[PDB]
Amino acid sequence: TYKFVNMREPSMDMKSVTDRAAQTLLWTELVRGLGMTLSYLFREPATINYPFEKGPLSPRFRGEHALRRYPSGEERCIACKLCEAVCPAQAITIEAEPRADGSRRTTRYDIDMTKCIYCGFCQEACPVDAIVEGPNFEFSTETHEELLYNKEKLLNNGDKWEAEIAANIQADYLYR
Amino acid sequence: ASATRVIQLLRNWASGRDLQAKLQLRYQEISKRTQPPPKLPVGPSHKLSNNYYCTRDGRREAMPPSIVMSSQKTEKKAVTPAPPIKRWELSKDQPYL
Amino acid sequence: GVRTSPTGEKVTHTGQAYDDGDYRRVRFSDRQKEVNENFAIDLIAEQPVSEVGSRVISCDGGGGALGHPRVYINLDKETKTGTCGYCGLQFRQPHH
Amino acid sequence: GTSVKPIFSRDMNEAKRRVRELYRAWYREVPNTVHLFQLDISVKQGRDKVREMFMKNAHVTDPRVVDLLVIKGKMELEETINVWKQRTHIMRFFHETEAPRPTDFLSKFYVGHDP
Amino acid sequence: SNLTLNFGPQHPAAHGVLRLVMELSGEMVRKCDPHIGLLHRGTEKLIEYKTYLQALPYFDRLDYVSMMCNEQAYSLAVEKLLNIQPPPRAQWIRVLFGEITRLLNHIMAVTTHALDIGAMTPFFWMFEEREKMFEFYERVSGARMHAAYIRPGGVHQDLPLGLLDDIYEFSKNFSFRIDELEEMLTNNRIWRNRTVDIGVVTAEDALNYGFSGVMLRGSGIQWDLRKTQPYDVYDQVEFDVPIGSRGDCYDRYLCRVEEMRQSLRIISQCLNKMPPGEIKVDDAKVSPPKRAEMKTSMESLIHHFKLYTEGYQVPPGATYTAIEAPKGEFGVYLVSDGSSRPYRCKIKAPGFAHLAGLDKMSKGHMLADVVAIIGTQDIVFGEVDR
Amino acid sequence: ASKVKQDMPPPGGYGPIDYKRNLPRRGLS
Amino acid sequence: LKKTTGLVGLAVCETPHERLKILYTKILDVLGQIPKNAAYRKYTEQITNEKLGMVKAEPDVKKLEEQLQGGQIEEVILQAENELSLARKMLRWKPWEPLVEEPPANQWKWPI
Amino acid sequence: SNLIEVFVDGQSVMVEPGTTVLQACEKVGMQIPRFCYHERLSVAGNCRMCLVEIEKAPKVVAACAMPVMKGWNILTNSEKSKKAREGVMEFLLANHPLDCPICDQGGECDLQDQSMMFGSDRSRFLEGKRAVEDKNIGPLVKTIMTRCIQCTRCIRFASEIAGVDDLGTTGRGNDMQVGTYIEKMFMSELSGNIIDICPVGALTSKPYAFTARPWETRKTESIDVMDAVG
Amino acid sequence: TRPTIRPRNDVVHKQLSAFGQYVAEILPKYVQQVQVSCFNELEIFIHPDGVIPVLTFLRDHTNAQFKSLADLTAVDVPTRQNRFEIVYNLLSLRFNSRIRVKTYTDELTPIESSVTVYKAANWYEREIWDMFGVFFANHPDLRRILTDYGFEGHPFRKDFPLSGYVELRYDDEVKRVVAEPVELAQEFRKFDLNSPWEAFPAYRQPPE
Amino acid sequence: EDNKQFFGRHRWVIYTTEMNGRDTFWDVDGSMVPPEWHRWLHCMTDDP
Amino acid sequence: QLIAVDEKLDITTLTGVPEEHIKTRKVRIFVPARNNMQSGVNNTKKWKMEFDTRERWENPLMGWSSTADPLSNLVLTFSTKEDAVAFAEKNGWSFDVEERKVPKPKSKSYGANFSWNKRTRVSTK
Ligand code: SF4
Ligand code: SF4
Ligand code: SF4
Ligand code: SF4
Ligand code: FES
Ligand SMILES: [Mg+2]
Ligand SMILES: [Zn+2]
């Protein structure tokens with residue numbers, strides 16, 4: 001089922017022809033466009049006062065990565081390497097060994113944030129909610145090297161953002 | 001909208017429309033940023049019996065394509081790849097723009 | 001459980017520190033070496049061993065579905081405690 | 001028999017004639033390329049390089065492969081004449097920023113493992 | 001001798017990566033030769049080293065103005081190769097977000113086309129609506145454009161509570177923004193002078209040149225893949241197909257505006273007909289189990305582990321699956337060798353053929369006319385170069 | 001033991017949504 | 001009588017019945033030079049004779065369009081022209097002949 | 001000669017007397033799922049994963065142990081065979097621990113792979129799982145016996161190949177445990193092979209523990225120089 | 001086999017099989033094989049010499065009317081003596097149908113260009129020549145379309161490496177962008193994903 | 001907070017004039033917001 | 001009409017491969033051995049072509065593994081050994097071919113577990 005967009009005909013009575021002539025000579029549709037812009041001029045603008053005001057975001061928003069802990073302070077990550085396997089950009093590099101107490105823990109956990117596509121597949125794949133995409137998005141740098149995160153950087157990010165990260169996870173985890 | 005009434009009238013006249021009815025900026029009408037928890041039901045395969053996987057395995061019902069007329073190996077009416085497409089009907093809602 | 005090297009460089013929890021003759025230390029000049037101060041091994045060492053009255057205990061890391069996969073831990077051995085392979089929490093049957 | 005379909009040439013003589021046509025076209029074009037792209041090389045350098053590129057494939061004895069090589073050379077010439085290539089593309093033939101790689105056994109032994 | 005000109009890549013009307021070698025006589029365009037590949041990233045080869053899930057995000061970045069539509073095309077191809085069916089609620093969500101995506105794309109196309117022509121203001125009015133639409137994307141997936149929301153088997157997550165009401169609130173107001181855009185452009189005599197009888201293409205030439213979508217329907221061809229070859233639940237929604245009569249820029253612009261209105265209609269129907277149920281296929285050898293199941297039951301953990309490390313195997317075979325994307329027919333030729341990684345993935349983009357037709361369409365026109373024709377073809381070079 | 005809770009349309013459906021063209025005549029002779 | 005076909009570049013044909021009769025007659029004349037047992041000849045003659053009889057049986061253009069299932073008699077004329085050109089090309093090509101060669105042993109084997 | 005004719009899904013196969021159903025199936029390139037069977041160990045027949053239907057035979061047979069009879073038509077992919085495989089896999093996974101992320105076997109685990117290929121995709125086991133204590137058998141073979149599926153492969157290897165009778169089973173029923181019953185080291189010049197034959201992560205390499213996953217490793221086929229055996 | 005499994009369409013399967021038999025009967029000189037897949041897609045495998053006569057037929061015959069060329073691509077299969085599979089996907093709007101035409105070639109054998117049949121083929125053939133090295137005879141303007149000027153090799157071949165052979169950087173001594181042999185700070189990590197257990201018994205090959 | 005403003009202007013922050021070591025009278029940026037007020041300010045929640 | 005060439009196939013000048021990566025490479029053509037950790041045999045069906053392993057080193061930043069040979073991840077699959085040999089020959093690569101290893105058929109007897117007078121008698125089940 002379809003419709004035509006440009007298949008109409010103008011009436012040739014003297015009234016319609018004279019109206020068309022008046023439009024041609026007195027520029028009525030141009031005045032209509034001017035009226036539309038004038039109407040927009042007196043409307044309230046949509047600009048927010050950044051950085052004092054921010055755009056709305058969801059609990060599901062994918063931001064800067066972080067490594068999380070159990071409430072006892074133990075790392076959640078147990079070096080299963082599912083995030084490394086699933087990562088579509090090969091942005092994750094993991095090395096692991098038994099710890100001094102025999103625990104399964106990483107010795108290297110690197111994310112190349114200039115390789116990362118911020119898809120969130122790593123946090124979907126993680127079985128223990130160890131690696132997450134946090135809410136932070138304002139982490140621009142002056143050098144390329146600062147965006148090659150090692151494990152200490154990611155643990156610091158987790159320690160710094162856990163209060164927000166836990167609340168967002170509490171908000172979203174019943175959909176996962 | 002905090003616009004005064006005379007500016008509102010001027011906006012309506014310039015636009016030719018009732019602008020206050022449909023405001024682009026969004027206020028209190030939008031949904032709250034805090035919501036109750038969901039429950040999210042489960043699918044048809046969440047059963048304790050009569051649920052053997054071999055009866056619901058789509059991947060294993062795929063098979064190699066049917067071979068018609070290998071080269072190695074009357075009446076005969078002509079055929080088309082499908083019946084001819086039926087002509088479209090003009091819209092009852094709005095036939096012409 | 002942070003600790004310093006003979007060069008003054010902080011040693012991380014992975015035990016990685018640049019040697020005294022390593023040129024790569026130059027990368028920290030006029031800057032700093034990022035080190036996480038909350039060592040997980042020491043933090044889990046401070047948790048007390050839970051006394052439970054069953055031969056098999058269940059652990060999911062707390063928080064239900066917000067924890068780790070639920071595993072079962074045998075506590076028959078009296079010479080050692082039962083440790084969770086995900087969380088590090090320890091369990092034992094009452095003795096003595 | 002070998003039942004092979006040609007591309008342009010039936011034997012090696014017509015393929016060699018097409019090679020000579022392409023070589024003449026490149027040789028004529030070189031001075032214009034030097035002028036238009038504002039290169040710091042001489043016309044002799046460019047022609048010597050053209051000769052070198054042609055000599056690289058002197059060992060080919062298959063007329064179809066020769067025809068395809070002539071097709072590729074014609075494509076490169078058309079890219080050059082229309083200034084679709086830039087100066088970087090033209091200068092890529094000279095490898096002016098690659099260090100000279102040793103060829104004798106001893107230097108390769110000193111520098112690494114590659115045979 | 002004609003004058004030769006580089007139109008782009010660093011040009012406002014060249015879309016960043018298009019270098020057009022133009023032969024001109026004065027400002028008359030004697031010849032157009034588009035040079036592309038300035039955004040060729042080797043997507044089709046990269047996909048050969050990914051699992052199907054790993055390959056999914058590459059489709060977000062082909063036509064970056066219509067993300068979920070690309071996701072849907074790829075998901076439909078993979079689901080056809082897997083011989084599985086997405087659940088009904090997933091199909092309704094897919095159609096709803098596909099129409100939201102069509103709204104986004106048509107806003108971008110119409111307003112950037114107007115900006116090339118010289119009308120800069122409607123871009124600003126409509127990009128706030130695009131912003132609101134972006135929020136719907138981010139609320140459903142956590143990303144404003146590259147959602148990766150639509151996957152083979154259904155969708156990644158269910159809608160958050162309250163999303164449908166906000167989509168309804170936006171949809172009940174978008175028609176007035178369309179009305180304002182049409183008040184600025186549709187009857188303006190300058191706009192008509194810039195668009196009427198520019199880039200006229202015949203129906204036969206459009207078919208032979210591989211055109212699709214509006215580039216067909218502007219020339220009177222009554223064809224729409226949603227009507228003729230429906231997918232998901234498109235055979236359950238009512239809408240009209242806008243049809244042009246002149247095959248020029250003005251009729252194509254009118255068609256796109258009417259397609260926006262019909263998309264609003266479809267979105268209303270989708271909002272009122274959303275059913276309950278699960279949102280991905282209840283087959284853990286294809287779709288991952290829920291996180292609570294993964295942490296409780298052995299089979300769920302095994303299937304999570306395997307689907308996120310190896311990925312599902314796809315039975316061997318090849319399919320060409322096409323959809324009515326906002327820019328025309330978007331297709332995938334997917335060849336599976338039986339393993340968990342695709343053997344070959346050829347991507348068919350409508351803009352490829354449309355831009356190949358640009359020299360034919362520009363015959364007898366000027367420079368500004370060529371700018372208008374580029375705008376009217378609705379070209380994004382992520383899908384052209386892949 | 002609570003009821004299934006999902007994002008769904010309100011009973012009786014949503015309010016009607018306008019989509020058609022609206023360009024009033026709005027002029028003299 | 002009809003104002004426009006609605007398709008850009010397709011003109012309205014006056015006297016479509018005579019044009020169709022001419023085109024179908026020319027197609028049958030060309031097909032008469034193709035071997036009698038060639039499948040192309042018999043199939044195309046069958047469909048062409050069906051269309052020619054249908055054209056001769058209905059003098060109303062709209063009802064002829066409805067019967068022919070061909071979409072707007074001008075496109076029927078265009079399709080007849082395409083079929084005539086194809087018939088000449090087929091007479092040149094002679095594809096009714098036996099397959100030129102058998103592919104290699106595993107040319108089409110998939111997977112691998 | 002002395003061969004007899006059997007059928008695999010209707011396809012004729014000539015086999016020598018004493019050929020088992022599993023071997024006849026692999027004559028036509030069909031691999032029957034297995035846990036306890038190993039072609040270099042004695043037949044056990046305890047895992048029951050190889051159960052397969054014989055045409056016109058009411059009861060399925062253990063393909064690893066059953067000699068094939070003349071005229072038998074083995075139905076490797078019938079409904080009976082698939083349902084038997086699903087039931088056995090369900091029984092194997094009922095008490096298995098949710099250890100895959102921390103288990104070194106993950107990614108090269110026959111239990112995982114045969115669950116994905118021949119088992120169902122979900123669980124309906126609603127009880128608690130059994131947990132057993134670990135046995136110390138040396139510094140080479142790490143033992144986590146909650147993952148043990150009681151295949152008896154390690155026992156048969158130790159007895160038959162290594163000539164060491166130190167492994168066995170203690171208890172019975174659900175409480176049956178594989179071990180040594182005393183604190184004893186299984187130190188043999190061939191001990192490490194029990195890591196490879198063990199289908200699950202119950203026996204793993206201690207020096208290798210936690211270091212790598214199977215999919216990231218590159219394989220170089222080479223020769224050993226530690227002795228003159230090559 | 002209910003909600004999870006994709007439904008079948010016997011009507012379309014039968015119609016496509018009948019039309020494939022029709023095409024094979026009309027053009028025995030070139031048609032080598034006809035197949036209908038279980039998701040209702042028709043494939044016609046032809047000798048290369050028949051690229052033009054077949055396509056033209058499918059475009060111009062009154063009962064075919066495949067007026068649209070949706071896509072034209074190549075597939076590289078190094079184990080085959082004829083390396084490259086050439087695939088044409090055609091759409092008929094009159095009959096609301098799709099068809100696929102397949103042929104083969106090796107590195108040194110030209111394929112006839114189909115620009116006289118479908119103009120849309122032009123760029124597609126260029127892309128094939130760019131990505132696979134297949135030469136199309138009588139192409140109006142055959143040259144690279146996707147790769148950089150002066151680029152050597154055909155990237156979409158299976159034996160072409162993923163990162164190629166050369167990379168680019170700006171050099172200040174010569175004040176220009178230069179190409180040098182590729183060196184990667186991190187090598188792409190090859191993953192071995194295939195399970196050693198067979199997935200689909202319906203596609204098992206004879207054990208030779 | 002001012003809920004009478006439209007969504008996006010209904011919440012805002014006045015930054016401190018002195019953070020950890022630096023003078024922020026003129027130099028402010030969004031990274032100065034601590035995580036809890038980051039959640040409130042971006043409307044990921046309705047509760048301060 | 002055809003042209004009847006009589007020379008062996010050689011496409012090296014057309015592939016765009018650098019000289020060094022033609023004459024200095026050694027490809028191995030082989031059927032990959034079964035991974036000893038699993039009993040599945042589905043990864044031992046096809047022939048593989050791979051290249052010789054070149055140097056990998058440590059990146060001074062991040063300690064990542066760095067390479068300089070572009071063929072370190074190139075593996076081709078072939079149906080037979082002859083197809084792989086032909087492909088290697090037409091590309092000018094020197095090759096080493098290893099013959100396919102098939103496990104020999106074995107005599108399995110369950111009853112032998114309980115022999116009256118043989119050593120095959122088992123002491124446990
Ligand atoms: S977000 Fe995606 S690309 Fe980034 S590390 Fe996670 S999986 Fe890799
Ligand atoms: S972050 Fe999660 S997925 Fe990645 S290795 Fe650690 S536990 Fe595994
Ligand atoms: S043995 Fe296999 S199934 Fe069991 S935990 Fe280890 S990897 Fe998982
Ligand atoms: S440890 Fe391994 S080989 Fe030994 S009984 Fe358990 S599963 Fe079988
Ligand atoms: S393999 Fe036969 S019973 Fe275990
Ligand atoms: Mg083991
Ligand atoms: Zn725990």
# chains A, B, ... in the order shown; residues from 1 in each chain; ligands from 1
$ select_by_dssp --residues "chain C" --states "strand (DSSP E)" --output "ChimeraX atom specification"
/C:3-4,10-11,50-51,56-59,71-74,82-83,90-92
$ write_last_selection --atoms "N, CA and C atoms" --output "short mmCIF file (atom, residue, chain, number, x, y, z; two decimals), in the first residue's frame"
data_model
loop_
_atom_site.label_atom_id
_atom_site.label_comp_id
_atom_site.auth_asym_id
_atom_site.auth_seq_id
_atom_site.Cartn_x
_atom_site.Cartn_y
_atom_site.Cartn_z
N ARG C 3 55.84 -1.98 50.08
CA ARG C 3 57.22 -2.19 50.48
C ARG C 3 58.13 -1.52 49.47
N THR C 4 59.26 -1.00 49.95
CA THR C 4 60.18 -0.23 49.13
C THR C 4 61.42 -1.04 48.78
N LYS C 10 58.77 1.92 45.01
CA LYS C 10 57.79 1.08 45.67
C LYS C 10 57.61 -0.23 44.91
N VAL C 11 57.50 -1.33 45.65
CA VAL C 11 57.28 -2.64 45.06
C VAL C 11 55.77 -2.90 45.01
N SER C 50 35.48 -19.15 59.47
CA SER C 50 34.12 -19.38 59.94
C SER C 50 33.97 -20.81 60.44
N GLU C 51 33.45 -20.95 61.66
CA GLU C 51 33.12 -22.25 62.22
C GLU C 51 31.71 -22.64 61.81
N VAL C 56 30.14 -30.23 54.66
CA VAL C 56 30.18 -29.55 53.38
C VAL C 56 29.53 -28.19 53.54
N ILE C 57 30.24 -27.14 53.14
CA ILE C 57 29.72 -25.79 53.23
C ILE C 57 29.57 -25.24 51.81
N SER C 58 28.67 -24.28 51.65
CA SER C 58 28.43 -23.65 50.36
C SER C 58 28.88 -22.19 50.40
N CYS C 59 29.56 -21.75 49.35
CA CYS C 59 29.98 -20.36 49.25
C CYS C 59 29.67 -19.82 47.87
N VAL C 71 29.87 -22.68 44.97
CA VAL C 71 30.67 -23.89 45.05
C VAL C 71 30.51 -24.51 46.43
N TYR C 72 30.81 -25.80 46.51
CA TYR C 72 30.72 -26.56 47.74
C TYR C 72 32.11 -26.99 48.17
N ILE C 73 32.39 -26.84 49.46
CA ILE C 73 33.72 -27.01 50.03
C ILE C 73 33.65 -28.08 51.10
N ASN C 74 34.53 -29.08 50.99
CA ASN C 74 34.61 -30.16 51.95
C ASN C 74 35.47 -29.75 53.13
N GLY C 82 38.98 -25.08 54.99
CA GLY C 82 38.43 -25.11 53.66
C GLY C 82 38.43 -23.71 53.07
N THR C 83 39.10 -23.56 51.93
CA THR C 83 39.25 -22.28 51.27
C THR C 83 38.42 -22.24 49.99
N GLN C 90 37.59 -18.67 54.33
CA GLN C 90 37.99 -19.93 54.95
C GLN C 90 36.90 -20.44 55.88
N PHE C 91 36.77 -21.76 55.95
CA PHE C 91 35.75 -22.42 56.75
C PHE C 91 36.36 -23.62 57.45
N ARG C 92 35.79 -23.98 58.59
CA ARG C 92 36.22 -25.19 59.30
C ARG C 92 35.10 -25.66 60.21
#
$ interface_residues --of "chain J" --to "chain E" --cutoff "12 Å" --atoms "only C-alpha atoms" --output "ChimeraX atom specification"
/J:7-8,43-44
$ atom_distance --atom1 "atom CA of residue 39 of chain E" --atom2 "atom CA of residue 62 of chain E"
10.3 Å
$ interface_residues --of "chain I" --to "chain D" --cutoff "7 Å" --atoms "only C-alpha atoms" --output "PyMOL selection string"
chain I and resi 108-110+143+149-150+176-180
$ residues_near_ligand --ligand "ligand 1" --cutoff "7 Å" --atoms "only C-alpha atoms and all ligand atoms" --output "list in words"
residues 83, 86, 87, 88, 89, 90, 91, 92, 111, 115, 116, 117, 118, 119, 120, 121, 122 and 123 of chain A
$ write_last_selection --atoms "N, CA, C and O atoms" --output "compact mmCIF listing (two decimals), in the first residue's frame"
# COMPACT_ATOMS: atom_id res chain seq x y z
N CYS A 83 37.37 -12.60 29.46
CA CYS A 83 37.35 -11.26 28.89
C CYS A 83 38.40 -11.11 27.80
O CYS A 83 38.14 -10.50 26.76
N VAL A 86 37.12 -13.01 24.66
CA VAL A 86 35.95 -12.48 23.96
C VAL A 86 36.24 -11.12 23.34
O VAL A 86 35.53 -10.69 22.43
N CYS A 87 37.28 -10.43 23.81
CA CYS A 87 37.50 -9.04 23.43
C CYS A 87 37.65 -8.91 21.91
O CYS A 87 38.56 -9.49 21.32
N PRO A 88 36.77 -8.14 21.26
CA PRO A 88 36.80 -8.07 19.79
C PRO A 88 37.99 -7.30 19.25
O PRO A 88 38.32 -7.46 18.08
N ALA A 89 38.64 -6.48 20.07
CA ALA A 89 39.78 -5.69 19.63
C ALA A 89 41.11 -6.24 20.10
O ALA A 89 42.15 -5.66 19.78
N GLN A 90 41.11 -7.35 20.84
CA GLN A 90 42.32 -7.89 21.48
C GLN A 90 43.01 -6.82 22.32
O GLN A 90 44.23 -6.65 22.28
N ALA A 91 42.21 -6.09 23.09
CA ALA A 91 42.71 -4.99 23.91
C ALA A 91 43.18 -5.44 25.29
O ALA A 91 43.77 -4.63 26.01
N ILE A 92 42.93 -6.69 25.67
CA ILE A 92 43.23 -7.18 27.01
C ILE A 92 44.40 -8.16 26.94
O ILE A 92 44.43 -9.04 26.08
N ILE A 111 44.75 -3.26 29.71
CA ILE A 111 43.78 -2.89 28.69
C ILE A 111 44.36 -1.73 27.91
O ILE A 111 44.69 -0.68 28.49
N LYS A 115 43.01 0.72 21.78
CA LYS A 115 42.48 -0.40 21.01
C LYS A 115 41.02 -0.68 21.34
O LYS A 115 40.28 -1.15 20.47
N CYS A 116 40.61 -0.39 22.57
CA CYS A 116 39.28 -0.73 23.06
C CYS A 116 38.19 -0.06 22.25
O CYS A 116 38.33 1.09 21.81
N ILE A 117 37.09 -0.78 22.04
CA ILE A 117 35.91 -0.21 21.39
C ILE A 117 34.78 0.04 22.36
O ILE A 117 33.71 0.50 21.94
N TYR A 118 34.98 -0.24 23.65
CA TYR A 118 34.02 0.08 24.70
C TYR A 118 32.68 -0.61 24.45
O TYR A 118 31.61 -0.03 24.64
N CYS A 119 32.75 -1.87 24.02
CA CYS A 119 31.55 -2.63 23.70
C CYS A 119 30.91 -3.25 24.94
O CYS A 119 29.73 -3.61 24.92
N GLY A 120 31.68 -3.40 26.01
CA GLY A 120 31.19 -4.04 27.21
C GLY A 120 31.11 -5.55 27.16
O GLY A 120 30.46 -6.14 28.03
N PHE A 121 31.74 -6.19 26.18
CA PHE A 121 31.69 -7.65 26.10
C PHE A 121 32.48 -8.30 27.22
O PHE A 121 32.15 -9.39 27.68
N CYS A 122 33.55 -7.63 27.67
CA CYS A 122 34.36 -8.16 28.76
C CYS A 122 33.55 -8.30 30.04
O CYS A 122 33.64 -9.32 30.73
N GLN A 123 32.74 -7.29 30.38
CA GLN A 123 31.94 -7.36 31.59
C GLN A 123 30.76 -8.31 31.47
O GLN A 123 30.31 -8.85 32.48
$ residues_around --residues "residue 137 of chain H" --least-positions-apart "6" --cutoff "6 Å" --atoms "only C-alpha atoms" --output "JSON, numbers by chain"
{"H": [184, 185, 186]}
